[PDB]
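A.B. asks: Protein chains in written order, with the UniProt record's numbering: chain V, 28 to 174, 182 to 401, 405 to 684; chain W, 28 to 174, 182 to 401, 405 to 684.
I'd like to ask you about the structure that follows.
2 protein chains.
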Amino acid sequence: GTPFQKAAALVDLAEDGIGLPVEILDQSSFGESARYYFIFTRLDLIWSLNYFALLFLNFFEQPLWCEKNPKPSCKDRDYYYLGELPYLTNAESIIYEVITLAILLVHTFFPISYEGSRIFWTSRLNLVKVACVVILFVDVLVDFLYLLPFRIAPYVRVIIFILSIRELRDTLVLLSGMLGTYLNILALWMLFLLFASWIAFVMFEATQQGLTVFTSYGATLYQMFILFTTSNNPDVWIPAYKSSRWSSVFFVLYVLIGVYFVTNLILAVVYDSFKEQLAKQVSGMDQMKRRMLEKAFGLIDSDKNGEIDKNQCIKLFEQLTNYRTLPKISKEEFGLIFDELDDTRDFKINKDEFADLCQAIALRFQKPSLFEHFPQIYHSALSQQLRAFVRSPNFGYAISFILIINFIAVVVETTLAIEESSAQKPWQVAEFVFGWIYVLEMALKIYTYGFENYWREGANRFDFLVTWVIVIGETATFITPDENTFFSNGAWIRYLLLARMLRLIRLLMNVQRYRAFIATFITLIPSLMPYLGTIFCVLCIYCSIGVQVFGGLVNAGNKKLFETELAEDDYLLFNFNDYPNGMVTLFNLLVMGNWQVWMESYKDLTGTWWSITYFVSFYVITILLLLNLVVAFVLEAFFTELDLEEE
Amino acid sequence: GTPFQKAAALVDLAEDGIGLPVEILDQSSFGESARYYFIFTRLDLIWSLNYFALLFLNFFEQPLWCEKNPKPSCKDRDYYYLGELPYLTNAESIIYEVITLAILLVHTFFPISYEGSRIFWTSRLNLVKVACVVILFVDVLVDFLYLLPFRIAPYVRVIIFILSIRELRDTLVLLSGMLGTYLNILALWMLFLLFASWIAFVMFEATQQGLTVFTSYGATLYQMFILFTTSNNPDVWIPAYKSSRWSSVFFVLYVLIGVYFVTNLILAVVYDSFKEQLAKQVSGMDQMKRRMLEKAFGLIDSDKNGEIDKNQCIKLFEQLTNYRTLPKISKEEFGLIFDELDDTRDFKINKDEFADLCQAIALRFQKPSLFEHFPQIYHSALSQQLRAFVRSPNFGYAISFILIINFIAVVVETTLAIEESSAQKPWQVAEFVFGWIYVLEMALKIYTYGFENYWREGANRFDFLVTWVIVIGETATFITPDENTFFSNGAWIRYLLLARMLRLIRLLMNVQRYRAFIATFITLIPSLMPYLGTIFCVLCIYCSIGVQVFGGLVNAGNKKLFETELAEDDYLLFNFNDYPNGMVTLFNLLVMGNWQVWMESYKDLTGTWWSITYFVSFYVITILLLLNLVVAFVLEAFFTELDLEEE
Ligand SMILES: [Ca+2]
Ligand SMILES: [Ca+2]
Ligand SMILES: [Ca+2]
Ligand SMILES: [Ca+2]
Ligand SMILES: [Ca+2]
Ligand SMILES: [Ca+2]
């Protein structure tokens with residue numbers, strides 16, 4: 028067993044908790060596990076595609092209320108206000124499920140090769156994975172045999195997706211940590227609602243407002259909760275205002291105190307609890323990483339000199355360069371990283387000085406063109422003058438001028454968006470000219486900056502891609518002047534218009550203050566991804582629940598639906614019949630926009646007051662816990678960067 | 028001229044920028060100015076009452092649209108949806124205005140006595156004050172003569195009230211400072227709205243959504259601005275969703291980006307700018323305060339020894355204690371203040387050590406009963422055991438037990454809130470007993486702690502007041518059992534029930550985690566008062582404007598009003614006919630609850646697209662700038678208080 032291989036495995040496990048167990052490092056037959064692990068990691072993209080396909084299966088699955096026999100079969104996509112996504116027949120669903128299950132079974136049970144036997148079965152996460160996959164196998168086998183209270187496949191596959199990604203698991207652990215403090219603050223919020231509703235119930239006992247709205251304590255509590263959400267602020271206390279204008283003072287006090295005090299208090303408590311949870315998790319990961327790096331360093335130096343020389347550290351570099359989970363490293367980057375790692379400047383790396391490897395490896399991003410093969414062309418008087426022009430600050434001025442002229446052309450073109458394509462050809466030719474000038478611009482920029490220097494930064498690659506896609510689109514439009522179903526259609530023209538509008542957005546980066554804010558947003562989006570994914574999974578679970586319980590109560594032939602708020606407001610296309618319909622309905626409830634319309638209506642269709650436990654629990658878990666968290670991150674990023682400029 | 032008098036004036040000016048001018052300190056005839064200033068400050072409560080009466084005059088003034096001759100006179104409070112506040116006739120209005128104007132004229136022109144002549148006419152604040160008062164005098168004289183485009187008195191007296199209070203002036207200066215940054219971020223927000231609306235206009239050109247909602251660029255910009263506030267989130271893009279379910283992706287992107295990027299960015303920018311404004315203002319005030327303290331210290335020490343001996347420093351306090359604008363100081367507190375001021379512990383105060391006078395004076399709040410006059414009663418065997426009981430921790434346990442019994446009794450009372458008073462007398466006697474037990478409790482607490490000890494803290498005073506207030510009412514209810522219009526009325530019984538329920542809040546006072554949050558809420562409001570006052574003044578200005586322009590367009594006989602959103606939603610009692618009606622309508626717009634209903638409707642009644650400039654500006658100035666600032670203070674207070682414990 029080569030010690031450098033064990034050190035490379037330890038570095039992989041030090042970068043993140045995913046890796047080989049520490050209990051297999053010194054045991055015999057180490058390379059056999061290593062090769063199997065490497066082959067497994069070669070297919071991470073395949074595994075990711077499989078998991079995403081497993082999740083996206085739910086969008087196309089036939090709803091359970093179609094599994095029965097409604098009086099019209101649900102192929103009439105308009106009767107039940109469904110729409111726009113196809114349904115897999117039994118054969119398609121079965122073959123798709125079998126494909127996904129085969130890939131999942133290979134993925135789940137493959138670790139047994141490189142984890143030994145006892146280690147695989149002694150891990151809680153692996154036990155949960157195997158339990159989920161065996162439940163999935165039993166469920167699909169039952170489906171095959173039948174061809182049943184309900185199908186448990188959506189929930190189990192969503193759980194598999196959640197625990198297949200490290201970030202979602204971390205988010206769930208953090209939410210579990212927060213749960214206690216969240217329940218504590220929820221108790222105070224509930225006490226405030228209960229006392230305020232009791233006060234309102236007693237005050238408006240025999241008044242006109244107590245005979246239409248606050249009929250009992252339960253109705254008063256319900257309406258006061260809705261009012262706390264400010265979804266019906268003027269509506270709820272119109273009778274009180276009409277009977278006595280002084281009654282509005284109490285409701286103004288309630289709304290103001292509730293909204294500002296309670297809402298901001300809940301947000302602050304959630305942010306504090308999540309910050310403490312992050313502190314604990316990050317401390318745990320940091321200690322694990324430090325311990326793993328210490329073990330690796332102790333393993334490497336078998337001479338016990340205390341420091342690592344040049345050749346040994348280089349050898350470690352090409353031993354660990356084989357992993358795909360670590361950043362790519364070049365040849366001279368080996369020496370560059372070794373030089374950067376040295377802090378005491380002694381051509382050697384200390385035990386504590388080596389504890390900064392993970393940060394150091396992905397830190398260079400620097401350093405030469407292929408245009409210097411022929412020096413008779415690159416070094417010329419006209420070439421030199423053009424090279425002087427390209428870095429001249431007036432080059433950006435000229436580009437901005439061309440962009441403004443393009444802006445004028447696009448605005449005048451959109452002005453005549455009603456007239457037919459008879460007079461559109463001169464403008465199309467002009468935009469062809471503009472696109473080809475932009476192509477000349479990018480080609481000249483490549484011809485100046487070189488190839489690799491042009492490819493180092495990512496924004497330049499994005500500009501590269503957008504320029505090519507827009508120019509190939511405009512060429513496809515131009516070189517085919519005859520009518521065709523792929524070039525004379527208005528959709529292609531609209532796409533071309535949007536392409537020019539994005540190219541005109543490019544202009545907005547001229548203003549430094551706006552460019553800073555756009556850069557802050559763009560940098561923020563990757564860091565907000567795990568929480569958005571957790572919200573997406575929660576919406577998936579709630580959509581499964583809503584299709585299960587509120588399945589087909591909204592129809593075109595229902596009688597008691599047309600007396601509800603949903604039909605009167607014309608939201609009947611926002612329902613829980615489909616999976617996509619649930620995806621959009623939970624988005625509409627996700628913003629508190631007329632959110633009580635659904636809760637009022639489905640409570641009527643279901644016929645029980647228990648159904649609101651679905652929506653209330655949705656509001657309490659999603660809006661008060663997750664969205665508050667997202668808003669907290671957005672505010673924190675903006676506040677930190679804002680303080681960063683003046684600091 | 029006594030130097031100690033000049034030092035006292037300088038210390039008064041060092042506490043806050045309000046005081047005598049610095050240019051009269053060395054001039055002859057100081058006591059004449061000092062006595063006039065002292066007499067003036069003796070009437071600060073009268074001045075405050077006068078200013079508040081001037082501000083509250085607007086609530087009762089007859090609306091201008093009544094000064095004309097409508098077909099029915101506006102004494103019909105039901106025809107124009109007015110109500111509940113009386114109108115002053117011409118004589119009452121004239122006499123009230125003359126009284127207020129005379130008092131304010133005395134207040135404004137009095138500083139001429141103690142400030143010389145040139146100094147009074149060389150201050151910008153005095154110049155604007157005299158301009159406001161002369162404009163008010165001209166306006167009231169014109170009103171008297173007439174017995182006219184519009185009445186300028188409301189705005190003028192609102193500005194007089196605004197600049198009569200130092201905190202409102204400071205808030206206006208800070209808003210003027212923020213105006214530039216707020217305008218920049220508003221420009222960015224407007225660019226976002228403009229381009230998003232253009233993209234939506236060209237996307238949905240010939241679609242069903244472009245033929246009903248996005249008819250033109252102006253209508254699209256209007257609807258997208260409304261959608262930015264999520265006031266009509268599902269409503270606006272129903273046609274797009276019904277024609278193509280994929281069109282919802284664009285609107286989901288727009289709404290999410292708006293709500294979670296732009297709104298929070300505006301909030302962060304406003305908070306950062308305002309925090310910088312506080313930094314500048316507080317730095318200026320602190321430097322001015324230190325300069326004034328240095329001048330005072332240089333003035334007092336005429337021996338130039340560099341430190342003040344004890345007796346002279348004590349003598350300074352008898353001179354400076356005559357001002358009503360400085361905290362009260364007791365005779366024996368002089369030595370304690372002198373001891374606390376001394377940091378180097380040398381029985382003397384240094385030049386730099388004198389910088390902490392304003393902080394030190396209002397800092398002691400410590401240091405004894407009158408019950409010890411007879412020692413034969415207080416020092417008794419039973420009295421000693423009672424003293425042991427009262428400080429025992431089980432005393433609070435017994436109090437809580439009594440409170441829980443009171444809870445059970447009052448809940449059972451409220452259950453039988455429908456039955457009349459025959460069975461209500463046993464419960465009335467029960468609450469008679471409970472209130473008198475609480476009276477025994479508070480009197481016993483006085484007897485064990487003393488009188489001044491019972492009076493030092495303010496919460497004890499509040500408990501004192503509420504105990505007497507509730508017990509006098511409960512005893513007046515019982516001692517007069519016959520029917521009366523002041524004791525047998527149901528309103529009095531309801532007041533008694535609310536008083537008891539408010540008393541039961543003490544139970545929540547026990548839970549430490551809830552106690553901290555309630556304490557933070559109580560402590561925050563004193564610090565939030567100037568901003569709420571600024572918002573109140575802005576609402577006053579907008580109410581004056583709305584009554585002026587949207588005066589009587591909402592009637593019971595209007596034809597085009599019943600085709601608007603206002604009448605259909607039954608908000609007609611929320612209008613701008615009155616001043617109180619404007620006070621509540623601006624509150625409903627102040628919270629974004631169905632806020633576009635008014636803006637849609639008055640745009641129809643006025644018949645111009647310019648009227649929305651009233652509401653849009655109201656959104657831009659109040660909600661984006663002021664309410665965001667209030668939310669920032671609430672968040673900051675909660676966050677700092679929460680982080681205090683873990684630190
Ligand atoms: Ca790893
Ligand atoms: Ca070594
Ligand atoms: Ca070293
Ligand atoms: Ca003063
Ligand atoms: Ca002295
Ligand atoms: Ca000293």
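Every residue gets a Cβ at the ideal spot worked out from N, C-alpha and C, and that includes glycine.
(1) Quick one: is residue 551(V) near chain W, going by C-beta distance under 8 angstroms?
(2) Any heavy atom of ligand 2 closer than 7 angstroms to the CB of residue 346(V)?
(3) For residue 33(W), does the count of other Cβ atoms within 10 angstroms reach 16, so buried, or fall short, so exposed?
(4) Could you tell me how far apart the beta carbons of residue 167(V) and residue 128(V) are, in whole angstroms, since I believe they sit closer than 8 angstroms?
(5) By the 10 Å Cβ neighbour count, where 16 or more other Cβ atoms means buried, how is residue 316(V) classified, buried or exposed?
(6) Counting Cβ pairs, one atom from each stretch, are 3 or more of them under 8 angstroms apart for the segment 368-382 of chain V and the segment 86-106 of chain V?
(7) For residue 463(W), report the span of its alpha helix (DSSP H) as first-last.
(8) Name the residues in the segment 580-607 of chain W whose C-beta lies less than 9 angstroms from a C-beta of chain V; which are they?
(9) What span of residues does the alpha helix (DSSP H) with residue 204(V) cover, start to end?
(10) Between residue 468(W) and residue 358(W), is the Cβ-Cβ spacing less than 8 angstroms?
(11) Relative to the C-alpha of residue 455(W), which candidate in 239(V), 525(V), 63(V), 636(V) has its C-alpha closest?
(12) Looking at the structure shown, is residue 384(V) part of a helix, part of a strand, or coil, going by DSSP?
(13) If you measure from the CB of residue 51(V), is any heavy atom of ligand 1 nearer than 7 angstroms?
(14) Anything with a beta carbon under 6 angstroms from a heavy atom of ligand 4 counts; list them all in chain order.
(15) Would you decide whether residue 297(W) is buried or exposed? Buried here means 16 or more other CB atoms lie within 10 Å of its CB.
(16) Measuring only from the beta carbon, is residue 342(W) closer than 7 angstroms to any heavy atom that is part of ligand 5?
(17) Kindly examine ligand 2 and report whether one of its heavy atoms sits closer than 7 angstroms to the Cβ of residue 384(V).
(18) Using a threshold of 7 angstroms, is the CB atom of residue 306(V) nearer than that to any non-hydrogen atom of ligand 2?
(19) Would residue 272(W) pass as an interface residue toward chain V - the criterion being a Cβ-Cβ separation below 8 angstroms?
(20) Candidates 643(V), 593(V), 42(V), 642(V): which alpha carbon is nearest residue 325(V)'s?
(21) Flag this pair as touching only if the segment 562-572 of chain W and the segment 661-678 of chain W have three or more C-beta atom pairs under 8 angstroms; answer yes or no.
(22) Starting from the Cα of residue 253(W), find the closest Cα among 270(W), 437(W), 265(W), 615(W) and give me that residue.
(23) Pop quiz: residue 48(V) and residue 142(V) are said to be a contact at Cβ under 8 angstroms. What is the actual Cβ separation, rounded to whole angstroms?
(24) When you compare the CB positions of residue 191(W) and residue 81(W), do they come within less than 8 angstroms of one another, or not?
(25) Going by DSSP, which residues form a beta bridge with residue 342(V)?
(26) Considering only C-alpha positions, which residue in the set 301(W), 242(W), 264(W) is nearest to residue 279(W)?
(27) Strictly below 8 angstroms CB to CB, what residues from chain W border residue 282(V)?
(28) Which residues of the segment 183-203 of chain W have a Cβ closer than 8 angstroms to any Cβ of chain V? Give them in chain order.
(29) Is the Cβ of residue 177(W) closer than 8 angstroms to any Cβ of chain V?
(30) Taking only beta carbons into account, state which residues of the segment 622-634 of chain W come closer than 7 angstroms to chain A, listed in chain order.
(31) Quick one: which chain V residues come within Cβ less than 7 angstroms of residue 299(W)?
(32) Which residues bound the alpha helix (DSSP H) around residue 455(W)?
(33) Between residue 612(V) and the rest of its own chain, which residues show a CB-CB distance below 7 angstroms, the 5 nearest in sequence each way excluded?
(34) Is residue 398(V) helix, strand or coil by DSSP?
(35) Report all residues from its chain with a CB closer than 6 angstroms to the CB of residue 196(V); omit the five preceding and five following residues, and keep chain order.
(36) Taking 6 angstroms as the limit between beta carbons, can you name the residues of its chain near residue 404(V), skipping five residues before and five after?
C.D. replies: Inspection of the coordinates gives the following:
(1) In the first sequence, counting from the first residue as 1, residue 551(V) sits at position 514. Taking 8 angstroms as the threshold, the shortest C-beta distance from residue 551(V) to chain W falls below it.
(2) Here residue 346(V) refers to the residue found at position 312 when the first sequence is read from its first residue. Yes, Cβ of residue 346(V) sits closer than 7 angstroms to a heavy atom of ligand 2.
(3) Residue 33(W) sits at position 6 when you count from the first residue of the second sequence. Of the residues assessed, residue 33(W) falls on the buried side of the cut-off, its CB having 16 or more other CB atoms within 10 angstroms.
(4) Sequence index remark: in the first sequence, residue 167(V) carries index 140 (1-based). Sequence index remark: in the first sequence, residue 128(V) carries index 101 (1-based). That belief holds up - the Cβ atoms of residue 167(V) and residue 128(V) are roughly 6 angstroms apart, short of 8 angstroms.
(5) Within the first sequence, residue 316(V) is the residue found at index 282, counting from 1. If you draw a 10 Å sphere on the C-beta of residue 316(V), you find fewer than 16 other C-beta atoms in it, and that means exposed.
(6) Under the three-pair Cβ rule at 8 angstroms, the segment 368-382 of chain V does not count as touching the segment 86-106 of chain V.
(7) On the second sequence, residue 463(W) is found 426 positions in, with the first residue counted as 1. 461-486 is the span of the alpha helix (DSSP H), which, as asked, contains residue 463(W).
(8) Going along the segment 580-607 of chain W in chain order, one finds 606, 607 with a Cβ nearer than 9 angstroms to chain V.
(9) What you label residue 204(V) is simply residue 170 of the first sequence in a count that begins at 1. It spans 200-237 - the alpha helix (DSSP H) in which residue 204(V) sits, taken as one unbroken run.
(10) As a working note, residue 468(W) is residue 431 in the second sequence. As a working note, residue 358(W) is residue 324 in the second sequence. No, Cβ-Cβ distance for residue 468(W) and residue 358(W) is not below 8 angstroms.
(11) Counting from one through the second sequence, the residue named residue 455(W) turns up at place 418. Considering only alpha carbons, the answer is 239(V).
(12) In the first sequence, the residue the question calls residue 384(V) occupies position 350. In the structure shown, residue 384(V) falls within a strand segment according to DSSP collapsed to helix, strand and coil.
(13) Residue 51(V) sits at position 24 when you count from the first residue of the first sequence. For ligand 1, not one heavy atom lies less than 7 angstroms from the Cβ of residue 51(V).
(14) Cβ atoms closer than 6 angstroms to ligand 4 belong to 39(W), 40(W), 42(W), 43(W), 45(W), 46(W), 359(W).
(15) Taking the second sequence and counting its residues from 1, the one referred to as residue 297(W) is at position 263. Within 10 angstroms of the beta-carbon of residue 297(W) lie 16 or more other beta-carbons, which makes it buried.
(16) As a working note, residue 342(W) is residue 308 in the second sequence. Judged by the Cβ position, residue 342(W) qualifies as a neighbour of ligand 5 at the 7 angstroms threshold, a heavy atom of the ligand being closer than this.
(17) Here residue 384(V) refers to the residue found at position 350 of the first sequence. The answer is no for residue 384(V).
(18) Along the first sequence, one-based indexing puts residue 306(V) at 272. False, no ligand heavy atom lies under 7 angstroms from that Cβ.
(19) Numbered from 1 along the second sequence, position 238 holds the residue referred to as residue 272(W). Yes, because at least one Cβ of chain V sits closer than 8 angstroms to the Cβ of residue 272(W).
(20) On the first sequence, position 291 is the one that residue 325(V) refers to. Proximity to residue 325(V) across 643(V), 593(V), 42(V), 642(V) peaks at 42(V), based on C-alpha coordinates.
(21) Contact check between the segment 562-572 of chain W and the segment 661-678 of chain W: three or more CB pairs, one atom from each, fall below 8 angstroms, which counts as touching.
(22) Within the second sequence, the letter at position 219 stands for residue 253(W). Distances from the alpha-carbon of residue 253(W) to those of 270(W), 437(W), 265(W), 615(W) put 270(W) closest.
(23) By one-based count along the first sequence, residue 48(V) stands at place 21. By one-based count along the first sequence, residue 142(V) stands at place 115. Right, the Cβ-Cβ distance comes to about 7 angstroms (below 8 angstroms), so this counts as a contact.
(24) By one-based count along the second sequence, residue 191(W) stands at place 157. By one-based count along the second sequence, residue 81(W) stands at place 54. Against a cut-off of 8 angstroms, the Cβ pair of residue 81(W) and residue 191(W) comes out as a contact.
(25) Position 308 of the first sequence holds residue 342(V). Beta-bridge partners of residue 342(V) (DSSP): 383(V).
(26) Walking along the second sequence from the start, residue 279(W) turns up at place 245. Looking at the Cα atoms, 242(W) is the closest of the given residues.
(27) Residue numbering aside, residue 282(V) sits at position 248 when the first sequence is read from its first letter. In chain order, 621 make up the part of chain W whose C-beta sits under 8 angstroms from the C-beta of residue 282(V).
(28) Under the 8 angstroms Cβ criterion, the segment 183-203 of chain W contributes no residue.
(29) In the structure shown, chain W runs from 174 directly to 182, leaving residue 177(W) without coordinates.
(30) Protein chains in the displayed structure are V and W, and chain A is not among them.
(31) In the second sequence, residue 299(W) corresponds to position 265, counting from 1. What residue 299(W) touches in chain V: 554, 675.
(32) Taking the second sequence and counting its residues from 1, the one referred to as residue 455(W) is at position 418. Neither: residue 455(W) is in no alpha helix (DSSP H) and is coded neither H nor E.
(33) For the purposes of this step, residue 612(V) is identified with residue 575 of the first sequence, where counting begins at 1. Answer for residue 612(V): 108, 591, 618, 622, listed in chain order.
(34) Position 364 of the first sequence holds residue 398(V). Note: residue 398(V) maps to coil in three-state DSSP.
(35) Here residue 196(V) refers to the residue found at position 162 when the first sequence is read from its first residue. In its chain, beyond the 5 residues on either side, 202, 574 have a beta carbon closer than 6 angstroms to the beta carbon of residue 196(V).
(36) Within chain V, the sequence of modelled residues goes 401 then 405, so residue 404(V) has no position in this structure.
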